[PDB]
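All remarks here apply to the structure that follows.
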Amino acid sequence: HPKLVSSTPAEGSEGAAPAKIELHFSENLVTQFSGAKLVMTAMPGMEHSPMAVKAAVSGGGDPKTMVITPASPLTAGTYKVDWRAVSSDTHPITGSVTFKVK
Ligand SMILES: [Cu+2]
């Protein structure tokens, strides 16, 4: 139900891998447990066995703007970009952005 303000990660981005994940928040201010992590969970083959990818999280010009940039190129398949936003009031907001790559 709860989701960040606006972002451009890869909302069900099926067709090809994007350049970088984008995130925006009118009240980011992490300093809690906010972040992001990309996991390559291609089609179900090994009893659903996800794996974290070698990526990094870096904010844009503003600190309220997040920009995920993987050090490695996203190959075809399926991936899930799990992000977590939290302002300041316990109960962190969790979200995931799945996308395909062809
Ligand atoms: Cu709130």
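Order determines the names: the first chain of the structure tokens is A, the second B, and so forth; residues in each chain are numbered 1 upward, and ligands are numbered 1 upward as they are shown.
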Test item: residues no farther than 12 Å from ligand 1, counting only C-alpha atoms and all ligand atoms, as a short mmCIF file (atom, residue, chain, number, x, y, z; two decimals) with N, CA and C atoms, in the first residue's frame:
data_model
loop_
_atom_site.label_atom_id
_atom_site.label_comp_id
_atom_site.auth_asym_id
_atom_site.auth_seq_id
_atom_site.Cartn_x
_atom_site.Cartn_y
_atom_site.Cartn_z
N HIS A 1 0.84 -1.19 0.00
CA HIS A 1 0.00 0.00 0.00
C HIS A 1 0.88 1.25 0.00
N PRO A 2 1.74 1.35 1.05
CA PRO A 2 2.64 2.48 1.18
C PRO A 2 3.80 2.38 0.19
N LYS A 3 4.08 3.49 -0.47
CA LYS A 3 5.16 3.54 -1.44
C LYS A 3 5.75 4.95 -1.47
N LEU A 4 7.02 5.02 -1.85
CA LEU A 4 7.72 6.29 -1.92
C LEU A 4 6.92 7.24 -2.82
N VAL A 5 7.31 8.51 -2.77
CA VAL A 5 6.64 9.53 -3.57
C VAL A 5 6.67 9.11 -5.04
N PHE A 25 11.86 11.44 -3.22
CA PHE A 25 11.07 11.49 -2.00
C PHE A 25 11.01 12.92 -1.45
N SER A 26 9.80 13.36 -1.16
CA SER A 26 9.59 14.70 -0.63
C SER A 26 10.12 14.78 0.80
N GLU A 27 10.43 13.62 1.35
CA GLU A 27 10.95 13.55 2.71
C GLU A 27 11.79 12.29 2.89
N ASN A 28 12.87 12.22 2.11
CA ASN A 28 13.77 11.08 2.17
C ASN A 28 14.38 11.00 3.57
N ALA A 85 12.37 3.07 2.05
CA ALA A 85 12.34 4.49 2.37
C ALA A 85 11.79 4.67 3.79
N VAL A 86 12.38 5.62 4.50
CA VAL A 86 11.96 5.90 5.86
C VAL A 86 12.29 7.36 6.20
N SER A 87 11.28 8.05 6.70
CA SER A 87 11.44 9.45 7.06
C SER A 87 11.91 9.56 8.51
N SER A 88 11.01 9.23 9.43
CA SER A 88 11.32 9.29 10.84
C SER A 88 10.05 9.09 11.67
N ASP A 89 9.74 7.83 11.94
CA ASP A 89 8.56 7.50 12.71
C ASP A 89 8.40 5.98 12.75
N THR A 90 9.51 5.30 12.99
CA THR A 90 9.50 3.85 13.06
C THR A 90 8.78 3.26 11.85
N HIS A 91 8.61 1.95 11.88
CA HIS A 91 7.94 1.25 10.79
C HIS A 91 8.42 1.81 9.45
N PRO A 92 9.52 1.20 8.94
CA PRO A 92 10.10 1.62 7.67
C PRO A 92 9.24 1.15 6.50
N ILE A 93 9.24 1.94 5.44
CA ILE A 93 8.48 1.62 4.25
C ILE A 93 9.35 0.79 3.30
#
Which of chain A fall in strand (DSSP E), as a PyMOL selection string: chain A and resi 6-8+21-24+35-39+55-59+65-70+77-85+93-101
Please produce a file of those selected residues containing C-alpha atoms, as a short mmCIF file (atom, residue, chain, number, x, y, z; two decimals), in the first residue's frame.
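Okay, this is what ended up in again.cif:
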data_model
loop_
_atom_site.label_atom_id
_atom_site.label_comp_id
_atom_site.auth_asym_id
_atom_site.auth_seq_id
_atom_site.Cartn_x
_atom_site.Cartn_y
_atom_site.Cartn_z
CA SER A 6 8.00 8.96 -7.06
CA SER A 7 10.80 6.90 -8.55
CA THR A 8 12.07 5.54 -11.85
CA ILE A 21 17.42 3.25 -11.07
CA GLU A 22 15.90 6.55 -10.01
CA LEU A 23 14.18 7.43 -6.75
CA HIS A 24 12.56 10.55 -5.35
CA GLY A 35 18.40 1.93 1.07
CA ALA A 36 18.18 -0.28 -2.00
CA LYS A 37 19.40 -3.66 -3.17
CA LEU A 38 19.14 -5.30 -6.57
CA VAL A 39 18.73 -9.06 -6.74
CA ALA A 55 25.50 -2.56 -7.45
CA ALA A 56 25.82 0.70 -5.54
CA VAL A 57 23.41 3.34 -4.30
CA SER A 58 24.18 6.98 -4.94
CA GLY A 59 21.99 10.05 -4.62
CA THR A 65 17.02 11.92 -4.70
CA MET A 66 18.35 8.39 -4.99
CA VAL A 67 20.08 6.86 -7.99
CA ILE A 68 20.98 3.19 -8.13
CA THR A 69 23.88 2.44 -10.44
CA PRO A 70 25.06 -1.15 -10.90
CA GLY A 77 16.31 -12.35 -17.36
CA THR A 78 14.37 -11.12 -14.36
CA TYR A 79 15.46 -8.98 -11.43
CA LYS A 80 13.94 -7.38 -8.35
CA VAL A 81 15.11 -4.04 -7.03
CA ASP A 82 14.15 -3.88 -3.37
CA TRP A 83 14.18 -0.38 -1.92
CA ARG A 84 13.38 0.95 1.54
CA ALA A 85 12.34 4.49 2.37
CA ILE A 93 8.48 1.62 4.25
CA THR A 94 9.55 -1.27 2.05
CA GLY A 95 9.14 -1.56 -1.70
CA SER A 96 10.36 -3.62 -4.64
CA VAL A 97 10.61 -2.90 -8.34
CA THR A 98 10.74 -5.99 -10.52
CA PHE A 99 11.81 -5.78 -14.15
CA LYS A 100 12.67 -8.10 -17.01
CA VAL A 101 15.55 -7.87 -19.45
#
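Pairwise distance (atom CA of residue A:40, atom CA of residue A:52) equals 6.2 Å.
For the atom pair formed by atom CA of residue A:30 and atom CA of residue A:61, the distance is 15.8 Å, given to one decimal.
Here atom CA of residue A:63 is placed at a distance of 29.3 Å from atom CA of residue A:41.
Comparing the minimum interatomic distances between residue A:76 and each of A:50, A:18, A:60, A:9, counting only C-alpha atoms, we find that A:18 sits nearest.
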